[PDB]
Amino acid sequence: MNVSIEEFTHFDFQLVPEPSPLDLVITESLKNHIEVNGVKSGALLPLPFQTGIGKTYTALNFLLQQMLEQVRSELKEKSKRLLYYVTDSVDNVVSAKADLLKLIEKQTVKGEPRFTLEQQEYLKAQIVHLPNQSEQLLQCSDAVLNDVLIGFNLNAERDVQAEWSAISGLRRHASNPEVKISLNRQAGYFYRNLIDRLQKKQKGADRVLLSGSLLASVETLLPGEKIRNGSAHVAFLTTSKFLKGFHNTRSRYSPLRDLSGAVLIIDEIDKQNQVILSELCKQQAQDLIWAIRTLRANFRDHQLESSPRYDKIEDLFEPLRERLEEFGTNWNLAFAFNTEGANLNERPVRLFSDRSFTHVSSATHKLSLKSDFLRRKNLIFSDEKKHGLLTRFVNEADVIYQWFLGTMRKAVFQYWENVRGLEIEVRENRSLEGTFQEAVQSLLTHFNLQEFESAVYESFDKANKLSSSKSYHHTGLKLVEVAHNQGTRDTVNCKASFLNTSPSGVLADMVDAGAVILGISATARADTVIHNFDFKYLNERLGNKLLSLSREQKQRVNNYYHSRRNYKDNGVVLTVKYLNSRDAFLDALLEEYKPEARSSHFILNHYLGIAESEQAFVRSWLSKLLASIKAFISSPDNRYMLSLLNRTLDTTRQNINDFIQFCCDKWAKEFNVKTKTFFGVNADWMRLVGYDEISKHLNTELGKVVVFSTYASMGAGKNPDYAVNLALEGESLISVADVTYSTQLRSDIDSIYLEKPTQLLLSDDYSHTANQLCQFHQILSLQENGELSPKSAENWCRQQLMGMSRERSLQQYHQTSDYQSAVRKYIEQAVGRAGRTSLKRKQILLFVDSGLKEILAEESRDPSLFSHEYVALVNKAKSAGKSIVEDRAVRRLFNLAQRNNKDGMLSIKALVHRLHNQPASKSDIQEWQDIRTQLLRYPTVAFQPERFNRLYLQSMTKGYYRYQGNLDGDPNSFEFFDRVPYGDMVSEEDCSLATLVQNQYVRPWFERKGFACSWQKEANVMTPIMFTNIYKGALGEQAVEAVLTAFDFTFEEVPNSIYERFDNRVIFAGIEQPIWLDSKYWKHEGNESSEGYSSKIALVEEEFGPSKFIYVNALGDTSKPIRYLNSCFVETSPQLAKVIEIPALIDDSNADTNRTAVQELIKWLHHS
Amino acid sequence: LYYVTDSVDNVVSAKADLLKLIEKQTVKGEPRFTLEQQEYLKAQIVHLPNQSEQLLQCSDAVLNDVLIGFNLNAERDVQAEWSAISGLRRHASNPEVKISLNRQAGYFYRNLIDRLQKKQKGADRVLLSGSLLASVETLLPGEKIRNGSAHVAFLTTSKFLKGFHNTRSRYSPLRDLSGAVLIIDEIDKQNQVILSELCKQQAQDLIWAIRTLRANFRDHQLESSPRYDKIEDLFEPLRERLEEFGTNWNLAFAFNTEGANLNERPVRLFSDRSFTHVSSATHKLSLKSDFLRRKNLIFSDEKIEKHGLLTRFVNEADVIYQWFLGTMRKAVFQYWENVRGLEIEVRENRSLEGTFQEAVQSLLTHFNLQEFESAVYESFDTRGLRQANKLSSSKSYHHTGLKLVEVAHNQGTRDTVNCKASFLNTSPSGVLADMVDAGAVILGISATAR
Amino acid sequence: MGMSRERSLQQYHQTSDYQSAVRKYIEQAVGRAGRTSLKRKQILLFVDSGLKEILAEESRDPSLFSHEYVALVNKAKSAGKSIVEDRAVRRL
DNA sequence: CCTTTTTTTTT
DNA sequence: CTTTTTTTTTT
Ligand SMILES: Nc1ncnc2c1ncn2[C@@H]1O[C@H](COP(=O)(O)OP(=O)(O)O)[C@@H](O)[C@H]1O
């Protein structure tokens, strides 16, 4: 019996629950954004909320509030706005849903109930909890499934009834973990087939009109149908289910394509960076050779129907059609590829690529690619002693493959616009999701490309040019393996695995789609990119859509947390101790345990199972662990110790367990304690009935409980508390809340040991390729931030490709400043998990490793959002031995200065080479103009530009800086700023633009085109490689023409076969022999050797026979006479000189035009 | 030697009676064999059941030896699935449990063997011997057959038409029948059994297959190495026919049916391939290439137009598709005589069965036709015993066959059609004759055998 | 076009193929109950009336016919001799 | 207008 | 140099 909206017609929407300082924060930052950035824009508001004072409560109270708000609009009236609540763990998701259903019931406004019972039925019917397919099946009764099987005529198939018999046969014999593990695998497979047949029988021809018990049975089995049907607001799913989508009665709905208006309420947002990365590293690897050959063959003549339903789609594939033909002709795709040249066949070749400056390869010799014509086979070979290189082919082939996939997405979007207007039978599914199924099918069928069906479906969820906003976070690494195919012995396949975007890029894509994502986590703005999103990229990409909190709002939160946690005025003590290696302390204990052995080392190898390899480490985490144990036993009032180690002390290493068990029992007797220890408490242990047992012991018994867990084993949802009895605990407890929210007599831990967090480098275990992408993402995300200079990041990526031990990987991570903010994120969570109960002890102890004393002393954020128990852990470290600085932001600048230079050196070298082929592409020339147009119009930009971010270089000095490095050599050896105080200055004085603009001819020309006359005094100065090679080279080019403009000389476009080889085509004087140009800025750049120059003449002598040349150098010394040089470019007589070299046109002393030189030049071109 | 029957309860009974015959043999009043020869003869017999029951017979010790001895105890899914199989066997009989146990046993066996086959046919040859040999041989009865420890087999007719596994790949007894000796109990009942296997072939889209063949064959070429000598010539007539066929019917466009009485019911075109041609459409359907719309339109014309009939197109398309598959079979045989001795060492397994999987791989990769691997593999399970319609050779239905074609709109897209052609390229009587013509000596023991 | 399972069997009945098919079931459904040697002296056999005409057409060589199938064919053959279709003449 | 039970293997 | 659990949803 579904419930209508008639009860909300009498609802008093004016009446509202009383807001909270935590509640006001969420709405305050959102209302202003809506009235500034528009209504349908989106936002990425993070909220740094402490875990104890109201994360859920406020999170779910916001989710409920949006549920109530939409109902009023629907009642006052269209599709409901979705309100996903994405988390990481199923336990947390179900707990959040249960609390929400709890909240709808017992929430009382001003002391009286708010929701009538009927309203609760309506609101509860809007919430959904879509689980995985396996658990979805083992939730509905046998009657519910039988109605679906009978009502859809699926009982007449042998396979369907055979499977369902087994599922019903097994689920009846439940209650045994051995059976439980196979009912879940079996349930998932049957669920796919049952829904697949349900969708096949429903999407075509016959369509069952769902109603009555068939609707309830089909909605119970398909909760995603409740959303598609049209009565469901909220979904309660994990991140993995959000990234994989959920079935409705028609197809598989993906929320990533329907984000416009979504209100994602992602909880513990920082953890989703690793979760989203696990979905991205789990994509299928595609053969590049097969895909490119298949695309080339099915495109040369495979027309698409000329109907109004496919207009403008034939044009999106035209540039791809020509490129595929050109690509096939260049690399001879009619043949198959195969390696050659032994010392290349023993092991495969892996070719990492950033699609940018980082281009590490695992073949120590550069591999060429020759196209043999006698033996009809493309051969990959090595040449130990160029256009035809293996890396150039694979990069070119990858660009085309993603060009097709990119074009495929535009065609699908174009198709939807063609059919949205056509109102024939499109039904309610007129969105890009309803037509995605069809638009991909129709286009892949006409082109015969049905093999790419999966690769297009699974990938449907700012290019790599210097004239764009380049970044790794909308780009990706590309791991390619070139190994022999299976079975056949003389062919290879390019098994390419892509990472086309990043979890931070994915998060930005959600907000740009229109999502209103809310980040609810304490460490939601950490200064690491390994365990979080890059919030410096998300700041530049989103801009003002990345909402923040003002001074008063973060000050208001601290006051709220200071009230609900009033530690000092009520009276408590936070004792903090730092524990070192205490070899003497542990020696006495080990001797006293088993003194009969020769020495303590025998105890290590007899009763502890430790050799002379780990003895230095095991002692370190045993001496520090035990020393904290006895200090807890010294205090009788405290009776709860949680040790958060990194190694799971359980039945595995039980030899250690009994030694520490004996030490706890030994100290118990001499301190008058009946203590208890709870060993082996890992994720398995709390599951069955585990962590409730520890609560019961402190509920009734008298003693001290010591718990040995790990950081991983205390992820989230775990509530380390217990029920307190005043008979058990006397005046030890004391309330800290200024007011009194519900009681229920609960306490929490009062003394926790915090060992150093280790193994902070992310990992994946899905496959070897699956974590290969994960490890390469981490290296390239540290380099993009600026933690690693490109010298070391490329070194790390080269080792990562060849093969490294996990110890080597972590030793590189430890060397960066990202690792400090990573470990200070683990602690900030571990300390924050113990403050979930207001009613607290007075003597709260804190013991942490001394390997963290220096790390903790580096914390430098604002306590205005910190917890009460973490500032105490950091204040002791501040009031300690030494307090120094690490200069976080200045070592970042030295790396981003080095990085942007390396990008210019690598991209420009590729742009020039791609201009050395005939013809030059229209984009390539257009991009070349924009590089020079922006570079010399804006010599210094005020802010950080969002369109030419690799052109510039942030400097510690305004308007200039000093560098030192081989400008035409290795870009990894550059040094900047104070590293080289005697280097080459990149100021405006060095280029001497002031002398150039003093001229009466140059100055007027710049004003018309806006070219700079002076450099501003901002810190975003130009790159070194793109100031001498692109800027001074182009500054003279404009200066030369402007001087020669006022002498009846006009210049035209160089043709598309010698572009960039010559400045401009010169006309006038009436002479048929065309006049060319070679413009430079002085004689000290552009050597232009005679052999090199003679090469340029031949390529243009073939063009138009005889030719003339001029070697104008603009600025310089005007005193030196002109010279007359021959085609051999050595010396000759004047009248037999093919080329002429003018030393300068403007004086470098007082900026005087070379009137005599041009007059002879004017006279010379008349004679010639 | 094979003892092929059609029921599982009969082969095990025959094997059991054979084992008793060796033990209980009172020739001249004394045992025929000594106490040792019985073990040698018993080792030569092998019973090959389905994969599901082959798994549920080996003990957990045998599977542990294989999983540990192959480094498979690291795959994070092999151990996950093997945990469920181990955990489900320990329970009682419970027929509800057993029906689900046999389902998962077969799937796990398939997944385990292909991993055991990718890991063994590569470079890290595990050199199966010792107690690991008795473990795989127990899990793979069709491995002692490949190793020469046994020749006698005991399998059902379906297992004889599906093939069994060894450490390398799936061995099909049909393709290696020269010199065999089949013994078939109730031979008459195998006509129904073989026909049931021939009706399980997968339907192939004719429009996709012909368009795919035409696109790849136009330019993609084979290597000029000695291993592909005179193989390019086998495909030359097919290339010209593919180009001529594409030009005649305008294969650059897609096909679609337009007209009344053509969308409420799809057309079905049955054909004997010689003289029995029946169409489900009441009136003849023409096929016109629209150059303005860039579409090929199957339509019903209410008014004989030999040029441009739908039946003529499908018949020609079928002939070309079976021509490629027929040529594919000749190329595989041609490949195995250029590499039989001229390859010189390199690889043992010198047999049209061992070379067949590689020769299919190399040729389909050079032509970029890897989507036809399954279709080529299945066609050998039907016509492999081979390597007409010419009123100049033996014309009969028992080796010509029948073809059923379904022309309906494609899935998801409302303006294209596909010819899902289901074939019966031979008959069980033809299959039996091909088995005899391959060199097998067949014994048919049945009262109503004639 | 789609025919009822009845009409499939009706078309099969009109052929002489169906007559040699039913006489294959009987010849096996009777030889299976003959695997022993100890037998009663009154082995009875009762068969349907719809099989007397079919069983009277059996004319193959009796040099391998079972004892129980022979006795099943003579009784239907007792009604003199009946003209047959002469299967060859209608096959040509 | 004849009048069903039964089977194996891979997925 | 270096110090591990654990987590989801597909097929
Ligand atoms: N006014 C209130 N503010 C915050 N929490 C409240 C309030 N009233 C009741 N609660 C309960 O206290 C709990 C505090 O949330 P909890 O999960 O302990 O911390 P957090 O949500 O910050 O992790 C909520 O679950 C909520 O049900």
# chains A, B, ... in the order shown; residues from 1 in each chain; ligands from 1
>>> closest_atom_pairs(of="chain A", to="ligand 1", cutoff="7 Å", atoms="only C-alpha atoms and all ligand atoms", output="CSV")
residue,atom,partner,partner_atom_place_in_ligand_line,distance
A:49,CA,ligand 1,22 (O),6.5
A:50,CA,ligand 1,22 (O),5.4
A:51,CA,ligand 1,23 (O),3.6
A:52,CA,ligand 1,19 (O),3.4
A:53,CA,ligand 1,22 (O),4.4
A:54,CA,ligand 1,22 (O),3.4
A:55,CA,ligand 1,21 (O),3.0
A:56,CA,ligand 1,21 (O),3.6
A:57,CA,ligand 1,24 (C),4.3
A:58,CA,ligand 1,4 (C),6.7
A:741,CA,ligand 1,8 (N),6.6
A:836,CA,ligand 1,18 (O),5.5
>>> interface_residues(of="chain C", to="chain D", cutoff="12 Å", atoms="only C-alpha atoms (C1' of nucleotides)", output="tab-separated table (two decimals) with N, CA and C atoms, in the first residue's frame")
chain	number	residue	atom	x	y	z
C	4	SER	N	1.47	-27.56	-35.65
C	4	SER	CA	1.23	-28.25	-34.40
C	4	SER	C	2.03	-29.54	-34.34
C	5	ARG	N	2.45	-29.91	-33.13
C	5	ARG	CA	3.19	-31.16	-32.95
C	5	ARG	C	2.38	-32.36	-33.44
C	6	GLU	N	1.05	-32.24	-33.45
C	6	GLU	CA	0.22	-33.30	-34.00
C	6	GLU	C	0.47	-33.48	-35.49
C	7	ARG	N	0.42	-32.39	-36.26
C	7	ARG	CA	0.58	-32.49	-37.70
C	7	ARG	C	1.97	-32.98	-38.09
C	8	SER	N	2.98	-32.71	-37.27
C	8	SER	CA	4.30	-33.28	-37.53
C	8	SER	C	4.24	-34.80	-37.50
C	9	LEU	N	3.50	-35.37	-36.55
C	9	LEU	CA	3.39	-36.82	-36.46
C	9	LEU	C	2.42	-37.38	-37.49
C	10	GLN	N	1.38	-36.63	-37.85
C	10	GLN	CA	0.46	-37.09	-38.88
C	10	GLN	C	1.17	-37.25	-40.22
C	11	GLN	N	2.03	-36.29	-40.57
C	11	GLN	CA	2.79	-36.39	-41.81
C	11	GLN	C	3.78	-37.54	-41.76
C	12	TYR	N	4.35	-37.82	-40.58
C	12	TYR	CA	5.27	-38.94	-40.45
C	12	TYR	C	4.55	-40.27	-40.53
C	13	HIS	N	3.27	-40.31	-40.14
C	13	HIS	CA	2.53	-41.58	-40.13
C	13	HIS	C	2.24	-42.08	-41.54
>>> interface_residues(of="chain B", to="chain A", cutoff="8 Å", atoms="only C-alpha atoms", output="ChimeraX atom specification")
/B:84-85,87-88,96-97,99-100,208,211-212,215-216,219-225,252-254,292-295,357-359,361-362,365-366,368,411-416
>>> write_last_selection(atoms="N, CA and C atoms", output="CSV table (one decimal), in the first residue's frame")
chain,number,residue,atom,x,y,z
B,84,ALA,N,35.2,-22.3,-1.7
B,84,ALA,CA,33.8,-22.6,-1.7
B,84,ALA,C,33.5,-24.1,-2.1
B,85,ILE,N,34.3,-24.6,-3.1
B,85,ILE,CA,34.1,-26.0,-3.5
B,85,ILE,C,34.5,-26.9,-2.3
B,87,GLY,N,34.5,-26.1,0.8
B,87,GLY,CA,33.5,-26.0,1.9
B,87,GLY,C,32.2,-26.6,1.6
B,88,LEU,N,31.9,-26.8,0.3
B,88,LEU,CA,30.6,-27.3,0.0
B,88,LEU,C,30.6,-28.9,-0.1
B,96,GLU,N,19.8,-31.2,-2.6
B,96,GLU,CA,19.8,-29.7,-2.9
B,96,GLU,C,21.2,-29.1,-2.9
B,97,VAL,N,22.1,-29.6,-2.1
B,97,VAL,CA,23.5,-29.2,-2.1
B,97,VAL,C,24.2,-29.7,-3.3
B,99,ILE,N,23.2,-30.6,-6.4
B,99,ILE,CA,22.9,-30.0,-7.7
B,99,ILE,C,23.6,-28.6,-7.8
B,100,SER,N,23.7,-27.9,-6.7
B,100,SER,CA,24.5,-26.7,-6.8
B,100,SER,C,26.0,-26.9,-6.7
B,208,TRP,N,27.2,-9.0,-41.1
B,208,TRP,CA,28.4,-8.7,-40.4
B,208,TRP,C,29.6,-9.5,-40.9
B,211,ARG,N,30.5,-8.3,-44.5
B,211,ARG,CA,31.1,-7.0,-44.5
B,211,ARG,C,32.5,-7.0,-43.8
B,212,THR,N,32.6,-7.8,-42.8
B,212,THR,CA,33.9,-7.9,-42.1
B,212,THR,C,35.0,-8.6,-43.0
B,215,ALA,N,36.1,-6.1,-45.8
B,215,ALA,CA,36.9,-5.0,-45.4
B,215,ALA,C,38.3,-5.4,-45.1
B,216,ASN,N,38.5,-6.5,-44.4
B,216,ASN,CA,39.9,-6.9,-44.0
B,216,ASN,C,40.6,-7.6,-45.1
B,219,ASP,N,43.0,-5.2,-48.1
B,219,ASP,CA,44.3,-4.8,-48.0
B,219,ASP,C,45.2,-5.7,-47.2
B,220,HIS,N,44.7,-6.2,-46.1
B,220,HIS,CA,45.6,-6.9,-45.1
B,220,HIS,C,46.2,-8.1,-45.8
B,221,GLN,N,47.5,-8.3,-45.7
B,221,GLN,CA,48.2,-9.3,-46.4
B,221,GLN,C,49.0,-10.2,-45.4
B,222,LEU,N,49.3,-11.4,-45.9
B,222,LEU,CA,50.1,-12.4,-45.1
B,222,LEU,C,51.6,-12.1,-45.3
B,223,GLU,N,52.4,-12.6,-44.4
B,223,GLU,CA,53.8,-12.5,-44.5
B,223,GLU,C,54.3,-13.3,-45.7
B,224,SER,N,55.5,-13.0,-46.1
B,224,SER,CA,56.1,-13.8,-47.2
B,224,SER,C,57.2,-14.8,-46.7
B,225,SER,N,57.0,-15.2,-45.5
B,225,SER,CA,58.0,-16.2,-44.9
B,225,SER,C,57.6,-17.6,-45.5
B,252,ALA,N,29.0,-1.4,-48.9
B,252,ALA,CA,29.4,-0.2,-48.2
B,252,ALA,C,28.2,0.4,-47.3
B,253,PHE,N,27.0,0.1,-47.7
B,253,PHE,CA,25.8,0.5,-47.0
B,253,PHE,C,25.4,-0.6,-46.0
B,254,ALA,N,24.5,-0.2,-45.1
B,254,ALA,CA,23.9,-1.2,-44.2
B,254,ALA,C,22.5,-1.6,-44.7
B,292,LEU,N,21.0,7.2,-52.9
B,292,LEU,CA,20.7,8.4,-52.3
B,292,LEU,C,20.7,8.3,-50.8
B,293,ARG,N,20.0,7.3,-50.3
B,293,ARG,CA,19.9,7.1,-48.8
B,293,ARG,C,21.1,6.3,-48.2
B,294,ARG,N,22.0,5.9,-49.1
B,294,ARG,CA,23.2,5.1,-48.6
B,294,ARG,C,22.8,3.9,-47.8
B,295,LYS,N,21.7,3.3,-48.1
B,295,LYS,CA,21.1,2.1,-47.4
B,295,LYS,C,20.7,1.0,-48.4
B,357,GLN,N,45.6,-25.2,-33.6
B,357,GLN,CA,45.3,-24.0,-32.8
B,357,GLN,C,46.3,-22.8,-33.2
B,358,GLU,N,47.5,-23.1,-33.4
B,358,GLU,CA,48.5,-22.1,-33.8
B,358,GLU,C,48.2,-21.6,-35.2
B,359,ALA,N,48.0,-22.5,-36.2
B,359,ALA,CA,47.8,-22.2,-37.6
B,359,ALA,C,46.5,-21.3,-37.7
B,361,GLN,N,45.6,-19.2,-35.4
B,361,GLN,CA,46.0,-18.0,-34.7
B,361,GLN,C,46.8,-17.1,-35.7
B,362,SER,N,47.8,-17.7,-36.3
B,362,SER,CA,48.7,-16.9,-37.2
B,362,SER,C,47.9,-16.3,-38.4
B,365,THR,N,45.3,-13.6,-37.4
B,365,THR,CA,46.0,-12.4,-36.9
B,365,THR,C,46.5,-11.5,-38.0
B,366,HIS,N,47.1,-12.1,-39.0
B,366,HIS,CA,47.7,-11.4,-40.1
B,366,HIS,C,46.6,-10.7,-40.9
B,368,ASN,N,43.7,-9.9,-39.6
B,368,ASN,CA,43.0,-9.1,-38.6
B,368,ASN,C,41.6,-9.6,-38.5
B,411,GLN,N,19.6,-5.6,-32.3
B,411,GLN,CA,19.3,-5.4,-30.9
B,411,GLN,C,19.6,-3.9,-30.6
B,412,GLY,N,18.6,-3.2,-30.1
B,412,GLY,CA,18.8,-1.8,-29.6
B,412,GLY,C,18.6,-0.8,-30.7
B,413,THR,N,19.1,-1.1,-32.0
B,413,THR,CA,18.9,-0.2,-33.1
B,413,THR,C,17.7,-0.6,-33.9
B,414,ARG,N,17.0,0.4,-34.3
B,414,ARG,CA,15.7,0.2,-35.0
B,414,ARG,C,15.8,0.3,-36.5
B,415,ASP,N,16.9,0.6,-37.1
B,415,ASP,CA,17.1,0.8,-38.5
B,415,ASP,C,18.2,0.0,-39.1
B,416,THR,N,18.4,-1.3,-38.7
B,416,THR,CA,19.4,-2.2,-39.3
B,416,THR,C,18.9,-3.6,-39.0
>>> residues_around(residues="residue 877 (chain A)", least_positions_apart="2", cutoff="8 Å", atoms="only C-alpha atoms (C1' of nucleotides)", output="list in words")
residues 853, 854, 856, 857, 873, 874, 875, 879 and 880 of chain A
>>> write_last_selection(atoms="N, CA, C and O atoms", output="CSV table (one decimal), in the first residue's frame")
chain,number,residue,atom,x,y,z
A,853,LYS,N,57.9,12.5,17.1
A,853,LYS,CA,58.1,13.8,17.9
A,853,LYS,C,58.5,14.9,16.9
A,853,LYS,O,57.9,16.0,17.0
A,854,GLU,N,59.4,14.6,16.0
A,854,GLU,CA,59.8,15.6,15.0
A,854,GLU,C,58.7,15.8,14.0
A,854,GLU,O,58.5,17.0,13.5
A,856,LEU,N,55.4,15.5,14.4
A,856,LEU,CA,54.3,16.2,15.0
A,856,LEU,C,54.7,17.7,15.2
A,856,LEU,O,53.8,18.6,15.0
A,857,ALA,N,56.0,18.0,15.5
A,857,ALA,CA,56.4,19.4,15.7
A,857,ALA,C,56.3,20.2,14.4
A,857,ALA,O,56.3,21.4,14.5
A,873,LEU,N,48.4,16.7,21.7
A,873,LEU,CA,49.5,15.8,21.2
A,873,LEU,C,50.5,16.6,20.4
A,873,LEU,O,51.7,16.2,20.2
A,874,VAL,N,50.1,17.8,19.9
A,874,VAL,CA,51.1,18.6,19.1
A,874,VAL,C,51.7,19.7,20.0
A,874,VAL,O,52.9,20.1,19.7
A,875,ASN,N,51.0,20.2,21.0
A,875,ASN,CA,51.6,21.2,21.9
A,875,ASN,C,52.8,20.7,22.6
A,875,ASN,O,53.8,21.5,22.8
A,879,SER,N,56.4,22.4,22.4
A,879,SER,CA,57.2,22.7,23.6
A,879,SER,C,58.1,21.6,23.8
A,879,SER,O,58.0,20.8,24.8
A,880,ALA,N,59.2,21.5,23.0
A,880,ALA,CA,60.1,20.3,23.0
A,880,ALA,C,61.5,20.8,22.6
A,880,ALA,O,61.7,22.0,22.7
>>> select_by_dssp(residues="region 934-1027 of chain A", states="helix (DSSP H, G or I)", output="MDAnalysis selection string")
chainID A and resid 934:937 971:973 977:979 988:991 993:998 1002:1009 1025:1027
>>> residues_around(residues="residue 197 (chain B)", least_positions_apart="4", cutoff="12 Å", atoms="only C-alpha atoms (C1' of nucleotides)", output="PyMOL selection string")
(chain B and resi 157-162+190-193+201-202+378+381-382+424+426-428+431) or (chain D and resi 8-10)
>>> atom_distance(atom1="CA of residue 390 (chain B)", atom2="CA of residue 437 (chain B)")
21.2 Å
>>> residues_around(residues="residue 510 (chain A)", least_positions_apart="3", cutoff="10 Å", atoms="only C-alpha atoms (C1' of nucleotides)", output="VMD selection string")
chain A and resid 42 to 44 256 to 260 262 264 504 to 507 513 to 517
>>> interface_residues(of="chain A", to="chain E", cutoff="6 Å", atoms="only C-alpha atoms (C1' of nucleotides)", output="count of residues only")
4
>>> closest_atom_pairs(of="chain B", to="chain D", cutoff="12 Å", atoms="only C-alpha atoms (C1' of nucleotides)", output="JSON lines")
{"residue": "B:5", "atom": "CA", "partner": "D:8", "partner_atom": "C1'", "distance": 10.5}
{"residue": "B:6", "atom": "CA", "partner": "D:8", "partner_atom": "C1'", "distance": 7.6}
{"residue": "B:7", "atom": "CA", "partner": "D:7", "partner_atom": "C1'", "distance": 7.3}
{"residue": "B:8", "atom": "CA", "partner": "D:8", "partner_atom": "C1'", "distance": 7.9}
{"residue": "B:9", "atom": "CA", "partner": "D:8", "partner_atom": "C1'", "distance": 11.3}
{"residue": "B:48", "atom": "CA", "partner": "D:9", "partner_atom": "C1'", "distance": 11.5}
{"residue": "B:49", "atom": "CA", "partner": "D:9", "partner_atom": "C1'", "distance": 9.0}
{"residue": "B:50", "atom": "CA", "partner": "D:9", "partner_atom": "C1'", "distance": 6.2}
{"residue": "B:51", "atom": "CA", "partner": "D:9", "partner_atom": "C1'", "distance": 8.3}
{"residue": "B:52", "atom": "CA", "partner": "D:9", "partner_atom": "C1'", "distance": 9.3}
{"residue": "B:53", "atom": "CA", "partner": "D:9", "partner_atom": "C1'", "distance": 10.9}
{"residue": "B:103", "atom": "CA", "partner": "D:11", "partner_atom": "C1'", "distance": 10.0}
{"residue": "B:104", "atom": "CA", "partner": "D:11", "partner_atom": "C1'", "distance": 11.3}
{"residue": "B:106", "atom": "CA", "partner": "D:10", "partner_atom": "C1'", "distance": 8.4}
{"residue": "B:107", "atom": "CA", "partner": "D:11", "partner_atom": "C1'", "distance": 8.0}
{"residue": "B:108", "atom": "CA", "partner": "D:11", "partner_atom": "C1'", "distance": 11.7}
{"residue": "B:109", "atom": "CA", "partner": "D:10", "partner_atom": "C1'", "distance": 11.1}
{"residue": "B:110", "atom": "CA", "partner": "D:10", "partner_atom": "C1'", "distance": 9.2}
{"residue": "B:111", "atom": "CA", "partner": "D:11", "partner_atom": "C1'", "distance": 11.7}
{"residue": "B:155", "atom": "CA", "partner": "D:8", "partner_atom": "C1'", "distance": 10.3}
{"residue": "B:156", "atom": "CA", "partner": "D:8", "partner_atom": "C1'", "distance": 7.3}
{"residue": "B:157", "atom": "CA", "partner": "D:8", "partner_atom": "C1'", "distance": 7.9}
{"residue": "B:158", "atom": "CA", "partner": "D:8", "partner_atom": "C1'", "distance": 5.6}
{"residue": "B:159", "atom": "CA", "partner": "D:9", "partner_atom": "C1'", "distance": 6.6}
{"residue": "B:160", "atom": "CA", "partner": "D:9", "partner_atom": "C1'", "distance": 10.0}
{"residue": "B:161", "atom": "CA", "partner": "D:9", "partner_atom": "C1'", "distance": 9.3}
{"residue": "B:162", "atom": "CA", "partner": "D:9", "partner_atom": "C1'", "distance": 7.2}
{"residue": "B:163", "atom": "CA", "partner": "D:9", "partner_atom": "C1'", "distance": 9.7}
{"residue": "B:164", "atom": "CA", "partner": "D:9", "partner_atom": "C1'", "distance": 10.5}
{"residue": "B:189", "atom": "CA", "partner": "D:7", "partner_atom": "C1'", "distance": 11.1}
{"residue": "B:190", "atom": "CA", "partner": "D:7", "partner_atom": "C1'", "distance": 11.6}
{"residue": "B:192", "atom": "CA", "partner": "D:7", "partner_atom": "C1'", "distance": 10.3}
{"residue": "B:193", "atom": "CA", "partner": "D:7", "partner_atom": "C1'", "distance": 8.8}
{"residue": "B:194", "atom": "CA", "partner": "D:8", "partner_atom": "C1'", "distance": 11.2}
{"residue": "B:196", "atom": "CA", "partner": "D:8", "partner_atom": "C1'", "distance": 10.1}
{"residue": "B:197", "atom": "CA", "partner": "D:9", "partner_atom": "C1'", "distance": 9.8}
{"residue": "B:200", "atom": "CA", "partner": "D:10", "partner_atom": "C1'", "distance": 11.0}
